Structures are given as structure tokens and as C-alpha cells.
Amino acid sequence: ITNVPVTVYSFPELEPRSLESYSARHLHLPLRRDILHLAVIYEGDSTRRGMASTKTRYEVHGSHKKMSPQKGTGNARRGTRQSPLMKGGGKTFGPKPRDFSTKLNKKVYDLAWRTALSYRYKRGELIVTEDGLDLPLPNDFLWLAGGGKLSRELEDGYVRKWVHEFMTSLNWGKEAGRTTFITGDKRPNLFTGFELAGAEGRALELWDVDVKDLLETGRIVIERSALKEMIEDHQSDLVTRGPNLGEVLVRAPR
Amino acid sequence: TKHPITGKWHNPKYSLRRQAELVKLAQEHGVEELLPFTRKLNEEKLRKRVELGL
Amino acid sequence: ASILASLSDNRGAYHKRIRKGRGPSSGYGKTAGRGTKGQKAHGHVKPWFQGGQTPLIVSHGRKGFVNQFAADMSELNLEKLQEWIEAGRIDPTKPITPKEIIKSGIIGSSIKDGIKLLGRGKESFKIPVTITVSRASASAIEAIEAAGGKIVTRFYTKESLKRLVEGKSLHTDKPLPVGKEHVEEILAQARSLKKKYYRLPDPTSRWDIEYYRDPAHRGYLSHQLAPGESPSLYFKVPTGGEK
RNA sequence: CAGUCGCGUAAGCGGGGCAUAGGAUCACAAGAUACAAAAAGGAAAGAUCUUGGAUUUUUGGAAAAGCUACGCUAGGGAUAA
RNA sequence: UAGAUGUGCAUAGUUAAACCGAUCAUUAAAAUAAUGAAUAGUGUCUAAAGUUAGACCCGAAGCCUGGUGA
RNA sequence: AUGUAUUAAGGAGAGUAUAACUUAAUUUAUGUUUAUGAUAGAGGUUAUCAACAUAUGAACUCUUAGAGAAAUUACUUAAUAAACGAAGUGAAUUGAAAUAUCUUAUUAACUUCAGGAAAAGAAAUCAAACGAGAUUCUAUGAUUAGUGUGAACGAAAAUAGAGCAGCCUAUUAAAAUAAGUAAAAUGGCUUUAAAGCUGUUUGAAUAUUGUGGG
Ligand SMILES: [K+]
Ligand SMILES: [K+]
Ligand SMILES: [K+]
Ligand SMILES: [K+]
Ligand SMILES: [K+]
Ligand SMILES: [Mg+2]
Ligand SMILES: [Mg+2]
Ligand SMILES: [Mg+2]
Ligand SMILES: [Mg+2]
Ligand SMILES: [Mg+2]
Ligand SMILES: [Mg+2]
Ligand SMILES: [Mg+2]
Ligand SMILES: [Mg+2]
Ligand SMILES: [Mg+2]
Ligand SMILES: [Mg+2]
Ligand SMILES: [Mg+2]
Ligand SMILES: [Mg+2]
Ligand SMILES: [Mg+2]
Ligand SMILES: [Mg+2]
Ligand SMILES: [Mg+2]
Ligand SMILES: [Mg+2]
Ligand SMILES: [Mg+2]
Ligand SMILES: [Mg+2]
Ligand SMILES: [Mg+2]
Ligand SMILES: [Mg+2]
Ligand SMILES: [Mg+2]
């Protein structure tokens with residue numbers, strides 16, 4: 001079928017509440033390892049610093065006088081002291097500060113984004129939820145932490161213990177790969193919870209996600225609004241002239 | 001403005017470049033009717049062409 | 001196992017890297033494919049060098065010149081104009097002007113010095129349209145009118161064609177009038193628009209004026225001529241008779 | 001092949017010589033061409049075609065004398081003591 | 001929300017060049033008389049390359065400028 | 001190495017609690033918070049078992065008064081490196097497979113002058129019949145136009161980004177609108193023949209009611 005369903009769950013309980021429909025060219029593309037490779041490698045060339053530097057014979061300190069006479073000493077005739085053949089001479093083809101980034105077509109970079117998003121869809125590792133995707137930390141702890149009764153040492157020691165036991169019950173923790181939470185905005189509970197308990201997963205903002213981040217954990221837990229904005233920003237090859245982008249089949253029973 | 005005592009033609013207070021920046025800045029706020037006669041006025045530019053032509 | 005540890009480009013995309021000066025068995029060992037103690041091994045030869053013999057461009061010379069004043073028209077044919085209309089990418093009911101010819105993609109994504117309508121596929125063109133370009137071939141003018149259409153060749157520049165796409169200039173198929181009996185009506189229009197629009201330039205040189213002054217090209221200045229008058233600003237039609 | 005001339009009854013022959021021994025470009029100069037003309041009308045200087053002046057004779061085309069036993073450097077040792 | 005903006009290459013060939021144009025150029029007028037030229041591009045990566053930069057590496061005698069020393 | 005921020009004179013000699021710095025070489029006081037901090041004791045040499053913020057005493061000699069063999073003399077509340085900037089003068093190695101024009105190169109270097117920056121700057125500018133609207137920095141435009149026998153050299157318009165600011169009543173005190181000037185001949189520079197710089201000899205005009213430059 002041209003379109004594929006997407007069940008929207010309530011995050012804490014994971015109850016299917018709504019059903020959305022996307023096109024097969026969004027979450028049902030074939031697995032292209034060559035195109036996923038070009039994209040993941042195109043992102044590594046951009047995050048690289050490329051500031052390494054080395055001094056050539058034309059930058060090494062010292063005078064450019066001739067070391068030994070052209071002939072008469074019997075030793076091999078030598079020129080300046082900054083030659084690579086000397087002890088403290090310069091490296092001829094040494095590293096230099098340059099740009100390692102390469103180019104990747106926007107259409108090819110968008111196809112690689114929807115191919116990594118479909119690789120997770122067919123394997124069941126793409127678990128979309130409703131909005132407000134934050135860890136449901138207990139109310140008592142939030143009341144004490146906000147109040148300031150609890151010290152930092154206890155405030156952090158609890159978040160680590162609760163997030164570990166919450167992810168283990170869901171089979172979502174370190175014992176089962178890990179999970180990545182992708183939300184539109186930064187939520188205190190979520191982003192703070194996965195900062196102290198990082199072995200159980202991580203959290204990211206929609207703008208801080210790459211094609212390499214979708215493929216780096218066991219599962220992807222994304223918000224409904226985040227996904228609709230994630231596939232709508234990487235359909236350049238599709239929107240050229242539309243396809244199902246968030247079409248609702250079953251509405252949430254208010 | 002020729003000076004009466006010195007008989008010298010004082011250069012205009014606003015140069016031809018600046019006259020074009022006033023006509024272009026006044027036309028953005030609809031205040032082109034208040035500036036004095038200028039060769040850079042959009043109506044003077046057009047009137048001179050239609051009247052005389054190339 | 002993991003996906004990121006199982007990705008790679010197709011084998012046909014990878015090619016052998018030749019590192020010279022890294023052993024005899026590599027095949028590029030000592031000499032590094034340079035030979036033995038020549039000028040190509042010790043230094044560098046000037047590319048233009050032929051050993052001393054004079055080149056042919058010095059023995060024959062350079063022929064001709066490069067015209068730096070010729071206009072770079074954007075060629076457009078009728079075989080392609082009909083395809084855009086059948087696809088619904090150009091509305092034939094409305095006037096087809098350079099703004100709508102450049103934004104549709106028929107001539108490409110480059111705005112050049114003009115647009116010329118050519119007559120390739122003039123036999124299967126039967127759509128009545130109202131097109132306006134900078135030039136048109138003799139076979140394209142009668143092919144447009146044979147189907148029941150109208151064509152007009154206006155004068156454009158590279159800058160004026162860009163303002164039409166940007167909306168900074170309104171398109172018009174008529175030249176600016178001349179005389180004191182038109183200021184009241186032309187100045188009236190400018191105020192009503194309530195915007196700073198630029199005007200489309202009119203030809204100034206002799207050749208440019210003459211091209212749009214004859215009905216053979218359907219020039220928009222052809223209405224200034226009399227039936228017996230000639231387009232040329234210098235030559236005149238001699239009179240036939242014995243006297 | 002087109003153009004248009006000579007000779008010949010005609011067929012036909014004629015794009016120099018029975019054959020084999022006379023160098024370009026650039027610059028410069030004389031004709032034609034009507035191509036472009038740096039705001040525009042002209043022009044200048046350019047472009048195409050034809051042609052001319054060359055021990056351009058180191059004739060694929062530098063305006064060009066020697067000495068060093070005080071010699072220098074990079075090389076080869078085509079044998080040079 | 002709506003509209004505009006930001007190099008480039010290709011889409012048409014032809015000639016010295018324009019006009020011209022699926023036709024164009026020489027034929028001093030033109031004309032299937034002759035001769036030539038016509039149809040998938042564009043971006044990216046891997047590799048090998050031409051060009052300009054020290055340019056595969058090491059090595060002169062010398063030349064110029066500013067200083068030093070009786 | 002790059003980026004961001006801040007700042008805009010540097011060195012040496014000798015002495016001294018050898019983490020502590022100037023013959024006072026470990027000065028003297030304030031305010032706040034102090035384990036819920038900040039990022040109910042012992043301890044003044046068995047020391048500085050307190051951080052932050054704001055004040056504060058002292059700080060020698062030379063470079064650096066004059067002289068001289070700098071760190072001395074003799075006097076006295078004597079005192080300012082380099083790089084960067086503008087102008088002047090101005091090469092050679094190198095390339096052209098030699099070499100004179102050319103290139104190297106408005107380069108290196110030197111000389112003077114000036115500041116935390118300097119220089120430049122609100123069109124006698126560019127454009128082309130439509131219009132743009134000061135200067136500076138970056139890229140594209142551009143192995144382009146063009147120049148040159150060649151080798152090579154090489155713009156501008158425009159576009160994008162960084163910044164944005166206009167004025168003469170200049171936010172620091174200036175014009176009664178510019179004459180030996182514009183320009184011409186000639187010798188050079190720059191360069192495409194224009195514009196621009198210049199020694200010598202000469203030498204204009206007075207605003208779109210069309211005077212003057214391009
Ligand atoms: K090779
Ligand atoms: K060798
Ligand atoms: K030569
Ligand atoms: K050129
Ligand atoms: K001059
Ligand atoms: Mg040296
Ligand atoms: Mg080293
Ligand atoms: Mg790579
Ligand atoms: Mg191969
Ligand atoms: Mg081999
Ligand atoms: Mg080889
Ligand atoms: Mg060889
Ligand atoms: Mg020769
Ligand atoms: Mg002209
Ligand atoms: Mg001119
Ligand atoms: Mg020879
Ligand atoms: Mg021969
Ligand atoms: Mg032998
Ligand atoms: Mg073409
Ligand atoms: Mg002194
Ligand atoms: Mg003293
Ligand atoms: Mg530039
Ligand atoms: Mg004046
Ligand atoms: Mg002068
Ligand atoms: Mg002039
Ligand atoms: Mg002048």
C-alpha cells in the first residue's frame with residue numbers, strides 16, 4: 001500500500017491512542033547501505049576540527065645560512081638547518097589547518113534521513129508518542145527538589161536510581177541497547193534525567209539530531225509533532241512538483 | 001545660490017547623491033510632497049522624459 | 001552486527017590509491033614512474049613548450065575576433081512551448097511574458113540578455129497564444145499567427161528582465177509616449193500604483209531602434225511607421241518610375 | 001560544381017612552363033568586405049578576403065666579440081696530461 | 001502568512017563576426033549546385049590527473065639590499 | 001592552529017622569609033557569605049586551617065637630566081620597545097628554457113612622521129537611456145574585458161557577507177564655495193590611447209535660463 005500507519009502512544013503507559021498515516025516513501029523506503037554510508041560519513045567531515053598544523057622548512061626558526069662549505073670538509077654538503085634531513089628540520093608534507101568537510105546533495109541527504117527513519121520503522125524501533133514527552137518523575141520528589149529541602153547529592157542520587165528502575169521495567173535501559181528521546185523543545189525532567197543516568201539512554205532536541213544519531217541506539221522515542229516536523233524538513237526529493245504527511249486515521253478519544 | 005558679496009556659486013547644501021537619498025527615503029513614508037523641487041524627484045524624472053523624450 | 005558497523009559504499013565506487021615511492025613490489029618504487037634522470041624527473045617542463053618549434057598559433061596566427069557586444073539570447077522553440085502548455089505549466093489564456101517564461105523553467109534557470117522564439121516544431125503548433133519576447137524568427141512569427149495568436153517583440157536588457165521576475169517593474173507592450181499631451185495621464189498612473197516601480201527601457205541605438213521599428217519582427221515600435229516608410233533610420237525606399 | 005573567356009570543322013583542351021632547384025606569423029602598406037563600433041550619432045583602433053616589400057640565408061624564422069696559467073659551481077669522464 | 005532575493009552549467013546550431021536560426025557559413029544577387037556542422041544534461045563521493053602555488057626529496061657557484069669590523 | 005573577549009610602552013642590573021618580591025623585599029582596614037558555603041575546638045613561625053568584593057602602606061639602580069667606559073658620577077618629585085600604519089627612495093635573485101621591453105615588483109629593504117590603531121571616506125563616483133548612491137574588510141564576477149612580439153600581467157559594473165552614519169550648528173569647533181588652479185606643449189610615472197601623479201615653459205570659465213568635470 002502507498003501509505004503506512006503510525007501508532008501514537010501515551011509515553012508513560014504506552015497505550016495506542018491515535019493512528020496516523022504516512023507515505024511509503026517516508027517510512028517504508030528500501031534499505032540503501034551505500035546512501036546511508038555517504039550521509040553518516042558526510043556528517044563526520046563537518047564535525048571535524050581540522051586544525052592540526054606542522055612547520056615546513058620555510059617556517060622553522062633559525063637562520064638560512066649554509067651549514068657546511070660546498071666542498072672541503074669531506075662530509076655531505078648541507079644547506080640550511082631547516083631541511084627535513086636535519087634534526088629539527090621541518091616536515092615537508094605535514095598536516096596543516098584546512099577544511100575536511102565534503103558536499104552531499106540536499107536530495108541525497110534527505111533520502112538518507114528517511115532511509116534511516118524507515119530502517120527503524122520496519123524493525124519496530126521507531127516508537128512515536130504524543131506531545132509532552134517527559135519523564136513522569138514522582139510528584140513528591142519534584143516538590144522537594146523545587147523547594148530546596150533536598151541537597152544536590154540526594155537530588156542527583158535519586159534521579160539516577162529512578163531512571164534506572166524505570167527504564168528496566170520498560171525493557172528500555174542498558175540491558176536492552178538504549179533509547180534516544182527526540183523532542184521539539186528542551187524539557188527539564190527528561191534532559192536532566194538522562195544527564196545523570198546516561199547509561200539508560202539520552203535525549204535530544206529536534207535541531208540536534210543527525211542521520212548518525214537515529215542509528216546509534218536501540219530504539220528511537222520521538223514525539224508526534226517532532227516526527228511531523230522531521231519528515232517535512234527532509235522530503236526535498238519528494239516535494240518537487242502531496243503525499244500523506246500526518247494524515248489521521250483514528251483520532252484520540254478525548 | 002550665488003553669493004551677493006562674493007559673486008560665487010555656493011554648492012547646494014545637499015549634493016546630488018544626498019538629494020537622491022532624501023527622495024528615496026521620503027518616498028518610503030509618503031512624504032515626497034514636502035521636499036522642494038529636485039531633479040531626483042520621481043515625478044520630475046518622468047515628466048522630463050514624457051515632455052521631451054530621448 | 002550493528003548498522004553503523006555494516007555500512008559501506010558500493011564496491012564500484014572505490015578505486016586503487018597509487019602511493020609512489022613505497023617499494024619495488026608496489027610497481028611504483030624507485031623512479032616513481034618518472035623514467036631515468038631527465039628534465040621530467042628533475043624539474044618541470046612549461047606546458048606551452050614544444051621543444052623549440054614554433055606553435056601553429058604563432059605560425060598561422062589567431063583568426064577573427066570575439067564580439068563583446070553581441071546579445072546573449074535565451075533560445076526558445078515552439079516544440080518546447082507546446083509541451084509546457086499541454087502539461088499545464090504555462091497558461092495559454094493569459095499573456096505569456098518574460099516573467100512567466102522565466103519562472104516556468106522552459107528557458108532554464110539563467111536570465112540572459114533576451115529571449116528569442118525559434119521555429120523548431122512549427123508544424124504541430126496549433127495553440128492560440130499571446131506571447132511577448134525580445135525576438136522571433138520569421139518561421140516562428142507566422143507559425144504563431146497561423147494558429148490564431150498574437151506575437152509582439154519588445155526591447156529588454158539583462159537588468160530589466162531581472163526586475164520583471166522580481167516584480168520591481170511592470171510589463172507593458174508599448175513604448176513611453178512623447179509630448180506634453182501625455183504627462184497628465186502617465187503621471188496619474190504612477191501615483192495610483194502606490195509603489196516604486198521601475199520603467200522598462202526603450203531602445204536607444206540605431207540598430208536596436210530599427211529592429212523593433214519594422215513589422216517583419218513585429219516590433220512594438222512598428223506603429224510609428226507609415227505603409228510606404230522604411231524601418232531604417234537612414235535608408236529610404238526609392239521610387240519606381242521614369243523621370 | 002557555379003561564374004565567363006580563348007582556341008578548334010568537331011571531339012574537346014586550358015586553374016602557366018617536359019618533370020625534378022624561391023620560407024610563415026607579427027609589424028607595415030595598397031585595394032575590397034559592411035562584420036562589431038565601450039552612453040548615443042560618427043570616427044579611431046580592430047575582424048574577414050586579396051596582394052606587396054625578407055642572404056627573416058642559423059632559410060619551423062635572437063639585433064650579439066674575445067681572454068682567464070688566479071678562475072668558481074654543477075656534472076660527464078664521448079680519452080682529454 | 002505571503003512575495004522576492006543570492007555565482008554557475010546545460011537546454012541549438014552556425015560564422016572571423018553579427019544578422020540569421022533547424023537551419024547557418026563561402027558563392028561580390030539569390031537559388032538542395034557543391035562542401036562542413038545536429039539531439040542528456042547536472043551534482044556528489046572514491047581514485048587518477050592537467051594548471052598555478054616550495055609542488056616528490058636533498059644539493060651550488062653566484063646576484064641585490066640593510067648592517068658589522070682597522 | 002583557529003575562534004571569542006579584553007587591553008594599547010617594553011626590558012635589564014642588584015637585593016630579598018627559595019610558593020610569598022623591592023632595603024617596609026609575607027603592610028594595614030572595610031563589607032558579605034561561611035558546608036543549606038564557594039566553585040561552639042587547636043593553631044601569630046608548631047604561623048599564614050578563608051574565599052569573594054572594595055580600599056590601602058611600601059615599591060631600589062639603569063635604559064631615562066647633564067657628562068660617561070649603561071646600571072657610575074652628579075642632581076632631581078628629569079621618565080614610552082618591537083610589530084602594525086602613511087608618505088618618500090626603491091633593487092636583485094626568479095620567468096621568458098639566452099636576452100635588452102616585460103616579469104620578479106608600487107615587492108624586500110631603508111628613511112621620515114603618527115596613533116592605539118593608522119589610512120580612507122559622505123561623489124567634479126559609477127552607469128547607459130533603466131538606474132545605483134561614502135569609506136574599509138572577504139569572496140564571486142575573473143586563468144574575464146584588456147594589455148603585451150611573447151612569457152605573463154590583469155580591471156570595473158554588479159552580486160553576497162561583515163559593519164552601517166551622516167554632515168558644515170561638522171559634538172569640538174573648519175569655507176565668506178576655492179586661479180598660476182583646471183588645462184595645453186614637452187620630459188617622465190601610472191596605464192589600454194581615457195582618467196589620475198609630475199619637473200620645465202605657458203594658461204581658462206561662473207550654474208539645468210545648460211557655466212565647469214567625466
Ligand atoms: K601514473
Ligand atoms: K637517479
Ligand atoms: K626566447
Ligand atoms: K585576452
Ligand atoms: K592623461
Ligand atoms: Mg642567504
Ligand atoms: Mg620542529
Ligand atoms: Mg572524505
Ligand atoms: Mg582504473
Ligand atoms: Mg615496474
Ligand atoms: Mg610516467
Ligand atoms: Mg624521460
Ligand atoms: Mg630558434
Ligand atoms: Mg559611440
Ligand atoms: Mg565613449
Ligand atoms: Mg632551423
Ligand atoms: Mg622542413
Ligand atoms: Mg665510452
Ligand atoms: Mg549557442
Ligand atoms: Mg643621560
Ligand atoms: Mg641618571
Ligand atoms: Mg575582487
Ligand atoms: Mg567647487
Ligand atoms: Mg593636471
Ligand atoms: Mg576627455
Ligand atoms: Mg581632469
# chains A, B, ... in the order shown; residues from 1 in each chain; ligands from 1
call {"tool": "residues_near_ligand", "arguments": {"ligand": "ligand 16", "cutoff": "9 Å", "atoms": "only C-alpha atoms (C1' of nucleotides) and all ligand atoms", "output": "MDAnalysis selection string"}}
result
chainID D and resid 58:61
call {"tool": "write_last_selection", "arguments": {"atoms": "C-alpha atoms (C1' of nucleotides)", "output": "PDB file, in the first residue's frame"}}
result
ATOM      1  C1'   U D  58      71.452  29.685 -38.031  1.00  0.00           C
ATOM      2  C1'   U D  59      66.023  29.579 -44.513  1.00  0.00           C
ATOM      3  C1'   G D  60      59.865  25.878 -38.302  1.00  0.00           C
ATOM      4  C1'   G D  61      62.030  32.276 -38.578  1.00  0.00           C
TER       5        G D  61
END
call {"tool": "interface_residues", "arguments": {"of": "chain C", "to": "chain E", "cutoff": "8 Å", "atoms": "only C-alpha atoms (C1' of nucleotides)", "output": "list in words"}}
result
residues 13, 14, 15, 16, 17, 63, 64, 65, 66, 67, 70, 75, 107, 108, 118, 119, 120, 137, 166 and 167 of chain C
call {"tool": "residues_around", "arguments": {"residues": "residue 108 (chain A)", "least_positions_apart": "2", "cutoff": "12 Å", "atoms": "only C-alpha atoms (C1' of nucleotides)", "output": "ChimeraX atom specification"}}
result
/A:32,34-40,42,103-106,110-115,211,234-238 /E:43-45
call {"tool": "select_by_dssp", "arguments": {"residues": "region 3-205 of chain A", "states": "alpha helix (DSSP H)", "output": "VMD selection string"}}
result
chain A and resid 24 to 27 33 to 47 106 to 122 139 to 147 152 to 169 188 to 196
call {"tool": "select_by_dssp", "arguments": {"residues": "region 77-198 of chain C", "states": "strand (DSSP E)", "output": "PyMOL selection string"}}
result
chain C and resi 77+114-118+130-133+135-136+150-153
call {"tool": "residues_near_ligand", "arguments": {"ligand": "ligand 18", "cutoff": "9 Å", "atoms": "only C-alpha atoms (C1' of nucleotides) and all ligand atoms", "output": "list in words"}}
result
residues 77, 78 and 79 of chain D
call {"tool": "residues_near_ligand", "arguments": {"ligand": "ligand 24", "cutoff": "12 Å", "atoms": "only C-alpha atoms (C1' of nucleotides) and all ligand atoms", "output": "ChimeraX atom specification"}}
result
/F:181-184,195-198
call {"tool": "write_last_selection", "arguments": {"atoms": "N, CA, C and O atoms (P, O5', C5', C4', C3', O3' and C1' of nucleotides)", "output": "PDB file, in the first residue's frame"}}
result
ATOM      1  P     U F 181      49.292  76.061 -10.600  1.00  0.00           P
ATOM      2  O5'   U F 181      47.992  75.165 -10.404  1.00  0.00           O
ATOM      3  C5'   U F 181      47.356  75.073  -9.139  1.00  0.00           C
ATOM      4  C4'   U F 181      45.855  75.020  -9.274  1.00  0.00           C
ATOM      5  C3'   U F 181      45.318  74.253 -10.471  1.00  0.00           C
ATOM      6  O3'   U F 181      45.298  72.852 -10.260  1.00  0.00           O
ATOM      7  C1'   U F 181      44.195  76.322 -10.294  1.00  0.00           C
ATOM      8  P     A F 182      45.778  71.847 -11.418  1.00  0.00           P
ATOM      9  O5'   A F 182      44.529  71.767 -12.401  1.00  0.00           O
ATOM     10  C5'   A F 182      43.308  71.183 -11.978  1.00  0.00           C
ATOM     11  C4'   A F 182      42.205  71.419 -12.977  1.00  0.00           C
ATOM     12  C3'   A F 182      42.481  70.973 -14.403  1.00  0.00           C
ATOM     13  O3'   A F 182      42.307  69.580 -14.595  1.00  0.00           O
ATOM     14  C1'   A F 182      41.564  73.143 -14.429  1.00  0.00           C
ATOM     15  P     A F 183      43.426  68.727 -15.369  1.00  0.00           P
ATOM     16  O5'   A F 183      43.618  69.498 -16.749  1.00  0.00           O
ATOM     17  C5'   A F 183      42.566  69.569 -17.700  1.00  0.00           C
ATOM     18  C4'   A F 183      42.847  70.599 -18.764  1.00  0.00           C
ATOM     19  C3'   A F 183      44.071  70.350 -19.633  1.00  0.00           C
ATOM     20  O3'   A F 183      43.834  69.431 -20.685  1.00  0.00           O
ATOM     21  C1'   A F 183      44.100  72.579 -18.870  1.00  0.00           C
ATOM     22  P     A F 184      45.044  68.563 -21.288  1.00  0.00           P
ATOM     23  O5'   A F 184      45.879  69.612 -22.147  1.00  0.00           O
ATOM     24  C5'   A F 184      45.335  70.180 -23.328  1.00  0.00           C
ATOM     25  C4'   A F 184      46.263  71.205 -23.931  1.00  0.00           C
ATOM     26  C3'   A F 184      47.661  70.720 -24.284  1.00  0.00           C
ATOM     27  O3'   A F 184      47.715  70.038 -25.525  1.00  0.00           O
ATOM     28  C1'   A F 184      47.808  72.766 -23.113  1.00  0.00           C
ATOM     29  P     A F 195      42.471  62.451 -20.244  1.00  0.00           P
ATOM     30  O5'   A F 195      42.009  61.989 -18.793  1.00  0.00           O
ATOM     31  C5'   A F 195      40.661  62.140 -18.374  1.00  0.00           C
ATOM     32  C4'   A F 195      40.399  61.425 -17.073  1.00  0.00           C
ATOM     33  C3'   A F 195      41.375  61.715 -15.943  1.00  0.00           C
ATOM     34  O3'   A F 195      41.108  62.926 -15.260  1.00  0.00           O
ATOM     35  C1'   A F 195      41.090  59.393 -16.129  1.00  0.00           C
ATOM     36  P     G F 196      42.319  63.907 -14.872  1.00  0.00           P
ATOM     37  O5'   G F 196      43.143  63.095 -13.778  1.00  0.00           O
ATOM     38  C5'   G F 196      42.533  62.663 -12.571  1.00  0.00           C
ATOM     39  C4'   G F 196      43.423  61.714 -11.806  1.00  0.00           C
ATOM     40  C3'   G F 196      44.814  62.227 -11.464  1.00  0.00           C
ATOM     41  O3'   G F 196      44.837  63.064 -10.322  1.00  0.00           O
ATOM     42  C1'   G F 196      44.990  60.065 -12.382  1.00  0.00           C
ATOM     43  P     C F 197      45.803  64.347 -10.281  1.00  0.00           P
ATOM     44  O5'   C F 197      47.263  63.732 -10.110  1.00  0.00           O
ATOM     45  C5'   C F 197      47.675  63.173  -8.872  1.00  0.00           C
ATOM     46  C4'   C F 197      49.133  62.788  -8.888  1.00  0.00           C
ATOM     47  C3'   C F 197      50.116  63.878  -9.285  1.00  0.00           C
ATOM     48  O3'   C F 197      50.406  64.782  -8.233  1.00  0.00           O
ATOM     49  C1'   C F 197      50.641  61.892 -10.443  1.00  0.00           C
ATOM     50  P     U F 198      50.618  66.342  -8.549  1.00  0.00           P
ATOM     51  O5'   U F 198      51.983  66.390  -9.369  1.00  0.00           O
ATOM     52  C5'   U F 198      53.210  66.037  -8.750  1.00  0.00           C
ATOM     53  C4'   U F 198      54.308  65.801  -9.757  1.00  0.00           C
ATOM     54  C3'   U F 198      54.801  67.016 -10.525  1.00  0.00           C
ATOM     55  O3'   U F 198      55.713  67.806  -9.780  1.00  0.00           O
ATOM     56  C1'   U F 198      54.501  65.193 -12.010  1.00  0.00           C
TER      57        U F 198
END
call {"tool": "residues_around", "arguments": {"residues": "residue 90 (chain F)", "least_positions_apart": "5", "cutoff": "12 Å", "atoms": "only C-alpha atoms (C1' of nucleotides)", "output": "list in words"}}
result
residues 64 and 65 of chain E; 105, 106, 107, 108, 109, 110 and 111 of chain F
call {"tool": "residues_near_ligand", "arguments": {"ligand": "ligand 20", "cutoff": "12 Å", "atoms": "only C-alpha atoms (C1' of nucleotides) and all ligand atoms", "output": "list in words"}}
result
residues 62, 63, 64, 65, 66, 67, 68, 70, 72, 73, 74, 75, 78 and 79 of chain F
call {"tool": "residues_near_ligand", "arguments": {"ligand": "ligand 13", "cutoff": "8 Å", "atoms": "only C-alpha atoms (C1' of nucleotides) and all ligand atoms", "output": "PyMOL selection string"}}
result
(chain C and resi 52-53) or (chain D and resi 61-62)
call {"tool": "interface_residues", "arguments": {"of": "chain A", "to": "chain F", "cutoff": "8 Å", "atoms": "only C-alpha atoms (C1' of nucleotides)", "output": "MDAnalysis selection string"}}
result
chainID A and resid 51:53 97 151
call {"tool": "residues_near_ligand", "arguments": {"ligand": "ligand 7", "cutoff": "10 Å", "atoms": "only C-alpha atoms (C1' of nucleotides) and all ligand atoms", "output": "PDB file with N, CA, C and O atoms, in the first residue's frame"}}
result
ATOM      1  N   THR A  54      51.779  21.870  11.163  1.00  0.00           N
ATOM      2  CA  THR A  54      53.179  21.490  11.252  1.00  0.00           C
ATOM      3  C   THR A  54      54.005  22.530  10.508  1.00  0.00           C
ATOM      4  O   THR A  54      53.508  23.200   9.599  1.00  0.00           O
ATOM      5  N   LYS A  55      55.265  22.668  10.907  1.00  0.00           N
ATOM      6  CA  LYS A  55      56.167  23.656  10.332  1.00  0.00           C
ATOM      7  C   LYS A  55      57.023  23.013   9.250  1.00  0.00           C
ATOM      8  O   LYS A  55      57.653  21.976   9.483  1.00  0.00           O
ATOM      9  N   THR A  56      57.040  23.632   8.072  1.00  0.00           N
ATOM     10  CA  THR A  56      57.873  23.192   6.967  1.00  0.00           C
ATOM     11  C   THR A  56      59.255  23.831   7.083  1.00  0.00           C
ATOM     12  O   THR A  56      59.533  24.606   7.998  1.00  0.00           O
ATOM     13  N   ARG A  57      60.140  23.509   6.138  1.00  0.00           N
ATOM     14  CA  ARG A  57      61.475  24.095   6.160  1.00  0.00           C
ATOM     15  C   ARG A  57      61.440  25.606   5.975  1.00  0.00           C
ATOM     16  O   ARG A  57      62.442  26.276   6.247  1.00  0.00           O
ATOM     17  N   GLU A  59      59.187  27.545   7.562  1.00  0.00           N
ATOM     18  CA  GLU A  59      58.629  28.123   8.774  1.00  0.00           C
ATOM     19  C   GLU A  59      59.445  27.842  10.026  1.00  0.00           C
ATOM     20  O   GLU A  59      59.243  28.526  11.033  1.00  0.00           O
ATOM     21  N   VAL A  60      60.354  26.866   9.998  1.00  0.00           N
ATOM     22  CA  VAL A  60      61.121  26.528  11.189  1.00  0.00           C
ATOM     23  C   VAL A  60      62.047  27.684  11.541  1.00  0.00           C
ATOM     24  O   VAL A  60      62.598  28.359  10.661  1.00  0.00           O
ATOM     25  N   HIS A  61      62.220  27.914  12.840  1.00  0.00           N
ATOM     26  CA  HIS A  61      63.033  29.017  13.321  1.00  0.00           C
ATOM     27  C   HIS A  61      64.507  28.778  13.013  1.00  0.00           C
ATOM     28  O   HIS A  61      64.966  27.643  12.857  1.00  0.00           O
ATOM     29  N   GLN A  82      67.038  24.097   8.434  1.00  0.00           N
ATOM     30  CA  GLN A  82      65.624  23.758   8.495  1.00  0.00           C
ATOM     31  C   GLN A  82      65.227  22.703   7.470  1.00  0.00           C
ATOM     32  O   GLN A  82      64.031  22.493   7.249  1.00  0.00           O
ATOM     33  N   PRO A  84      64.399  19.024   6.034  1.00  0.00           N
ATOM     34  CA  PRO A  84      63.861  17.835   6.715  1.00  0.00           C
ATOM     35  C   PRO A  84      64.922  16.821   7.098  1.00  0.00           C
ATOM     36  O   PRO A  84      64.702  16.042   8.033  1.00  0.00           O
ATOM     37  N   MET A  86      67.640  17.379   8.564  1.00  0.00           N
ATOM     38  CA  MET A  86      68.276  17.785   9.805  1.00  0.00           C
ATOM     39  C   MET A  86      67.416  17.394  11.005  1.00  0.00           C
ATOM     40  O   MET A  86      66.249  17.024  10.877  1.00  0.00           O
ATOM     41  N   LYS A  87      68.018  17.493  12.191  1.00  0.00           N
ATOM     42  CA  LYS A  87      67.352  17.066  13.418  1.00  0.00           C
ATOM     43  C   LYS A  87      66.054  17.835  13.643  1.00  0.00           C
ATOM     44  O   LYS A  87      64.972  17.244  13.723  1.00  0.00           O
ATOM     45  N   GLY A  88      66.146  19.157  13.755  1.00  0.00           N
ATOM     46  CA  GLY A  88      64.974  19.974  13.998  1.00  0.00           C
ATOM     47  C   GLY A  88      64.418  20.602  12.739  1.00  0.00           C
ATOM     48  O   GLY A  88      63.834  21.688  12.783  1.00  0.00           O
ATOM     49  N   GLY A  89      64.591  19.926  11.610  1.00  0.00           N
ATOM     50  CA  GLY A  89      64.070  20.421  10.357  1.00  0.00           C
ATOM     51  C   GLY A  89      62.575  20.222  10.237  1.00  0.00           C
ATOM     52  O   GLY A  89      61.948  19.500  11.011  1.00  0.00           O
ATOM     53  N   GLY A  90      61.999  20.877   9.236  1.00  0.00           N
ATOM     54  CA  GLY A  90      60.563  20.864   9.055  1.00  0.00           C
ATOM     55  C   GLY A  90      60.073  19.657   8.275  1.00  0.00           C
ATOM     56  O   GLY A  90      60.765  19.126   7.413  1.00  0.00           O
ATOM     57  N   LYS A  91      58.857  19.229   8.602  1.00  0.00           N
ATOM     58  CA  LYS A  91      58.199  18.144   7.885  1.00  0.00           C
ATOM     59  C   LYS A  91      57.666  18.678   6.562  1.00  0.00           C
ATOM     60  O   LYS A  91      56.875  19.627   6.544  1.00  0.00           O
TER      61      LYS A  91
END
call {"tool": "closest_atom_pairs", "arguments": {"of": "chain C", "to": "ligand 19", "cutoff": "12 Å", "atoms": "only C-alpha atoms and all ligand atoms", "output": "CSV"}}
result
residue,atom,partner,partner_atom_place_in_ligand_line,distance
C:70,CA,ligand 19,1 (Mg),11.9
C:71,CA,ligand 19,1 (Mg),11.2
C:72,CA,ligand 19,1 (Mg),8.4
C:73,CA,ligand 19,1 (Mg),8.7
C:74,CA,ligand 19,1 (Mg),9.1
C:75,CA,ligand 19,1 (Mg),8.4
C:76,CA,ligand 19,1 (Mg),11.9
